[PDB]
Amino acid sequence: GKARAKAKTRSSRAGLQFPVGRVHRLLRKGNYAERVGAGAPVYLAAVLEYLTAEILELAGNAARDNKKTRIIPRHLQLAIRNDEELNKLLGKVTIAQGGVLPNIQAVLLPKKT
Amino acid sequence: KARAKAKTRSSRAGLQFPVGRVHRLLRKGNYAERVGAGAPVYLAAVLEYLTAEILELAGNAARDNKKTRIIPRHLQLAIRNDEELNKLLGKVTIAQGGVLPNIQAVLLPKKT
Amino acid sequence: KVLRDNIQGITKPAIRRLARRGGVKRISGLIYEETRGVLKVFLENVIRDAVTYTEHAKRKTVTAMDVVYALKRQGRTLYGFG
Amino acid sequence: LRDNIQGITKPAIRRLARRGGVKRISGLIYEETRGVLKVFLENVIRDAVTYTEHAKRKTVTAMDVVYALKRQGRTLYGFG
Amino acid sequence: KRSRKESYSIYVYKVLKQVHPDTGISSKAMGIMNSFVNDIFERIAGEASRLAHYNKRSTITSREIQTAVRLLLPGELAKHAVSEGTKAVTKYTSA
Amino acid sequence: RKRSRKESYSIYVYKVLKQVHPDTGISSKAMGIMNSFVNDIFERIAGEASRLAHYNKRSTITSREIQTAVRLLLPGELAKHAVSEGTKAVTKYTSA
Amino acid sequence: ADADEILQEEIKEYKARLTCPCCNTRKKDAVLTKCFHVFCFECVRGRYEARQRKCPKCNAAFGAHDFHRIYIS
Amino acid sequence: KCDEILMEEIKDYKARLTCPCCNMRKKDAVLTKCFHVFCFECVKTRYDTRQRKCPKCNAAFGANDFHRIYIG
Amino acid sequence: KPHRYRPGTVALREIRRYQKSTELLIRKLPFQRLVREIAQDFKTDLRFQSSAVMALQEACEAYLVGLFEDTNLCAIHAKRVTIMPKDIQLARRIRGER
Amino acid sequence: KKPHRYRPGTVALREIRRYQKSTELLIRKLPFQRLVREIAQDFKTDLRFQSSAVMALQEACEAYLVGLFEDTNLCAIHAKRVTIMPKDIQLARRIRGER
DNA sequence: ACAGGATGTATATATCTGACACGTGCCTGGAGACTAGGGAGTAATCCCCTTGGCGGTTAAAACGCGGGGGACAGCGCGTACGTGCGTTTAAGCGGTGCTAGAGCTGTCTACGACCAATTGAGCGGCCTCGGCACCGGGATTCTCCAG
DNA sequence: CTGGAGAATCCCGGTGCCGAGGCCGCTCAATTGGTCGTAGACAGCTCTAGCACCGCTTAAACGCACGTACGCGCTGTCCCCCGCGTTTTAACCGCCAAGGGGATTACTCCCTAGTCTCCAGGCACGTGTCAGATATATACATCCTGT
Ligand SMILES: [Zn+2]
Ligand SMILES: [Zn+2]
Ligand SMILES: [Zn+2]
Ligand SMILES: [Zn+2]
């Protein structure tokens, strides 16, 4: 019979904002393996969404104290460099228009006699 | 029923390294859904050339060490004494190869 | 048209600014020529990789994709360009 | 197994420095070298144990170790 | 016809509005975010492919992704990502 | 309990050594070093060529992807000599 | 006149075998300890840098330190 | 004055292809310890007299340490 | 009476203002000309997208800033506040660039 | 009379030459194996190690410490010192990227 | 700078000894031959968008100068480390013994590929208004000389 | 040890602007629902090697004595780089303009996956034998004391 469900995205089934279907397609066309399991895109999309949420929360926190309601690459760079764990995750990665983390060596400060 | 007996693609290209095994590993390694005919030939040629270079340098080091058998120390000397071959394998360590013998000039005796 | 000695275009105040962003207080006068040298070596490596990528694509224009692949090649992954 | 980092003795660290072309070694070098060696082992062994756990194995094979080293940009030749 | 390209822009924006209801984002920052998502996806998928090849498995499952996450992500971030992935897989299995 | 079958480049490395150093042997540990080196370089060239085919939206790896991968990965004059050797082998294979 | 011509001819002959066959521009100062033939140092250094580890005339394989500088004078 | 350099040119080249000690025949031998070049029969006869030292730089060498060369 | 700052204070002010800011510290046209010169040294008759040149400038500035950070740390290690070419060479060789 | 005594440094140089000419392991095998097992039991209890795995770990650690001591010696020479101090290792590791 | 005494190192012969090189039997993984269908090479077009020039102008670079503060050589010291020696520790080697788990094999079933229909998510284009850059001025804070 | 003067910076507020985000239309790829094949989980068996203990030997670790050389602090001196004002210059923005080739489409052909059979290249195993440590025995290159 033609009685079938209309549509139900795998992202909504897993309760994810990130696309399970697009991640599955990219896994299939990326030549990673001959086969891709059903739960592999779900797990990968969940991990990607968690990492995105973490970095975006940190970036919004960095933007809030700068009196800006709009995340810029400087805020993302500050969020990544302040968080030493995300910093070590993205140690060998440079961010365009992000600047650097403001720090000066303690010996370079004035003697202040 | 008449057919050619056999001729390996390594023999066709004049290569010692296996073109067929390289082709099989290229398909089985999930690199692309298709692999050309000349790609394993060219890759086997490149692998054989690199093998010949490193082996010739290692044999030269072995002869300079008065030994007719190549040991990992000779291979390490071959890598570290050739700058191009050293930076091709810069992030690679060799088991039981030792290190290239060098001493910083400031550490030498002052001759006083 | 050909281009010559544009490595001098990376001027002394520019190198001083780059060192200031790197938290450098005092800069020797011989820092600048070595900075030109090392920046030129880095640019030769990256541009050679990008030009090889462009040549493989049968293209005569170096896109941002080629530069991004050359950077992710050398352990210098760059974000914000694709 | 408790306190086996002292098993990396002082003369062993001096021998390692001698292979590294070090002429003089401070007395405080050995503890800090033991610490950084402990950090290096923690990283490599953690990756190797993860590789072993994925394979549903209870034995850490040499291939797991070389995969762990290759992950950290420290490729090692001679063990597969 | 017309060029078509896909990106994680709407997904990143939905996550942002979930975590920061009254915060915006710029085009350059969204490019940073898309590059980050593709880079991490490539790292995890390549590591899972390597585990599948080492263990002679012909398929990538949630076990491969979990092992790749444990290998690549550092420490507490890896633990939280593993928990989130397991939660999503269990939720997807029920529905 | 039967016997397994493990593939290696040992005989190929030995053939190359004999054709470059006719009266020089190689130890088992050095053979393991050589096999690991061949596997590493093979996987490196293959991964770079796979990424090259992915970037150009190409479904096949031909001699040109390996061409580009060798020009990239191999440094200095190793690159051009391996290019010459690979092109020579490809021409000799297409001729015969 | 004849003596000067003969002397110039033998001087040219001396120039022939005192100059490296690979370069033919400037004088030999090195020897490969495998083929026992005299060349100049930077030509064989370039060939080793060009990864051409064969002698220019007898094609004998030589190592990294199978060539050393010759003190002619 | 062109000829004045000519026999001056002769004595310069003629000196450096001949043996430092015998000074009468072209050099065709080397010493690999001291990186110096002598002729063949001089090093033969001076090895036969049981003195294994270089006449000019005083470098000790063995039997296999010196060999024939083709200077040309 | 002229007013002068003691040496180092203005340098510290530049350090602060260039660590707070994110814009490119190299003039765009000279860097573009340098990139084009190196490219034509590699392959002649070559064209560059503007995004490609901007990405190259971002990468080069980031690399030079990191190298100068390591060079400054080398300077402090030698009990110095000024950087020297030996500092750059040591940092590059430790990083594996030499 | 007058027992022989090498000056401080020449024995060290002789050990440098000997241990750069040689290739063997510079750490005793049993203590390093015990250290590896100690560190490994913090990740998964009741764990077994292939012998070749322990040799591979030992080779990797020998190579890493030799390279780290090379960079440490270069840092010490940079500071116009011939002795290596902990700050040398800290600087070398931080430039290499671990710190 | 030069004896020489001693220490260490580099050459020249017997001698075992496992490891290495070669010979055999399989057997399964490459080779031959042939099909078919899709990937890509080639021809054509078109429309971004890259390159090139000209002009204003103005921010930035280059230049020169005063000086001060950091680099470096030299000195002194004192202590931390190197070298050697006697002592103690445990590493190493071999041998045995037990079994846990690596590794392989046969079932089979339950997931993953494949495919037809489709439809709702996701991307391209439009447009608007508000977050933010900027201008401008005052207040605050940092620096430095001169008391 | 601060006062105060000069200069850099923060903050407050109005204004315009351009791009962030919401909306609309379309379209194509993710979804649903089946079939079918085969990948792997799963139990069972084998047997390799990992682990544990034991004992002897001796290499190595360790503790200490003693000297010395070098790490470090201080002093001088000196000269090189920083701050700053002025002049030049070419970067940058705007605008114009041409055409190069990146990107897309359409067509065809040839190149590679897939199959089936077949055989020989390579792997596991076995076995002779020979570089090769491993000693001594002898002849130079440094190390250090001494003059
Ligand atoms: Zn020449
Ligand atoms: Zn010759
Ligand atoms: Zn003579
Ligand atoms: Zn001599």
Side-chain angles (χ1 to χ4, degrees), chain A residues 4-10 19 21-22 24-25 35-38 68-70, chain B residues 3-9 18 20-21 23-24 27 33-37 67-69, chain C residues 11-13 26-29 59-61 63, chain D residues 9-11 24-27 57-59 61, chain E residues 1-6 10 13 24-27 57-59, chain F residues 2 4-8 11 25-28 58-60, chain H residues 60 62, chain I residues 2-11 13 27-30 47-50 80-82, chain J residues 2-12 14 28-31 48-51 81-83:
Chain A
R4 82 173 196 181
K6 40 175 297 299
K8 182 67 180 294
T9 53
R10 302 210 287 276
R22 177 182 292 180
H24 187 89
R25 169 182 68 79
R35 290 141 52 85
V36 182
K68 311 266 154 172
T69 61
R70 191 163 286 157
Chain B
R3 87 185 216 177
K5 172 214 186 57
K7 185 176 180 180
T8 75
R9 296 136 74 183
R21 174 167 310 168
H23 199 38
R24 165 185 67 80
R27 279 84 58 84
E33 65 183 1
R34 296 158 66 102
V35 168
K67 293 182 183 293
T68 61
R69 195 172 286 154
Chain C
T11 177
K12 183 172 100 70
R26 287 180 94 242
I27 306 174
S28 172
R59 264 192 281 101
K60 293 187 286 185
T61 309
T63 75
Chain D
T9 61
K10 177 168 106 61
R24 217 164 163 274
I25 308 163
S26 161
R57 277 190 276 96
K58 267 188 296 293
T59 297
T61 65
Chain E
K1 301 307 188 299
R2 314 283 94 79
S3 176
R4 187 97 47 178
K5 64 182 181 293
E6 310 211 292
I10 46 159
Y13 199 102
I25 196 155
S26 69
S27 284
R57 313 265 75 101
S58 304
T59 183
Chain F
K2 311 302 178 308
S4 183
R5 186 145 290 201
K6 294 171 290 300
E7 307 296 323
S8 77
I11 61 153
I26 177 154
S27 85
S28 73
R58 291 305 191 51
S59 303
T60 179
Chain I
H3 170 93
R4 305 195 97 261
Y5 284 116
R6 296 164 74 257
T9 62
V10 179
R13 289 209 272 96
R27 301 294 102 200
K28 290 190 168 51
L29 266 69
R47 278 172 153 241
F48 274 82
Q49 285 187 343
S50 64
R80 282 185 282 101
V81 304
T82 187
Chain J
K2 207 55 172 69
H4 196 80
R5 270 202 62 104
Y6 279 145
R7 299 221 306 268
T10 56
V11 162
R14 285 201 292 103
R28 308 268 74 80
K29 297 185 162 44
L30 288 195
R48 272 162 174 242
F49 268 87
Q50 280 190 347
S51 71
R81 271 187 291 104
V82 298
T83 186

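Reminder, nothing fancy here: chain letters follow the sequence lines and each chain counts from 1. Just so it is clear, the values below take in all heavy atoms, side chains as well, and ignore hydrogens, waters and symmetry mates.
For A:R35 and I:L29, each mapped to the nucleotide of DNA chain L holding its nearest heavy atom, the one lying further toward the 5' end belongs to A:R35. Comparing C:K60 and E:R2, the nucleotide of DNA chain L nearest to each residue sits closer to the 5' end for C:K60.
Put simply, CD1 on E:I10 is 11 Å from P on K:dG124, counting in whole angstrom units. Atom P of nucleotide L:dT27 and atom NZ of E:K1 are separated by 10 Å, given to the nearest angstrom. Separating the CZ atom of B:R21 from the P atom of L:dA120 is a distance of 18 Å, rounded to the nearest angstrom. Atom NZ in F:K6 sits roughly 8 Å away from atom P in K:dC104 (whole-Å rounding). Atom CZ of J:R28 and atom P of L:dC62 are 11 Å apart (whole Å).
Among the protein residues, B:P18 comes within range of no part of the nucleic acid, since none of its heavy atoms lies under 4.0 Å from any strand. J:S51 comes within 4.0 angstrom of the backbone, heavy atoms only, and of no base. Nucleic acid contact class of J:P3 (heavy atoms, under 4.0 Å, all strands): none. Counting any heavy atom pair closer than 4.0 Å across all strands shown, B:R69 reaches sugar-phosphate atoms only and no base atom.
Side-chain contact between J:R28 and D:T9 is absent, with no heavy-atom pair separated by less than 4.5 Å.
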**Complete:** In B/S/- notation (B base, S sugar-phosphate only, - none; protein heavy atoms under 4.0 Å), nucleotides 70-86 of chain L written 5' to 3' is SSS--------SSBS--
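Taking 4.0 angstrom as the limit, I:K28 places none of its side-chain polar atoms (N or O) nearer than this to OP1 or OP2 of L:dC92. Put simply, F:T60 has no side-chain N or O that comes within less than 4.0 Å of OP1 or OP2 on L:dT112.
Remark: B:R24 does not engage F:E7 in a salt bridge, criterion side-chain N to carboxylate O under 4.0 Å.
In the model, B:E33 has a side-chain atom that pairs as donor or acceptor with a side-chain atom of F:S59 under 3.5 Å.
Between the OG1 atom in I:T82 and the CZ atom in C:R26 there is a gap of 5.0 Å [rounded to 0.5 Å].
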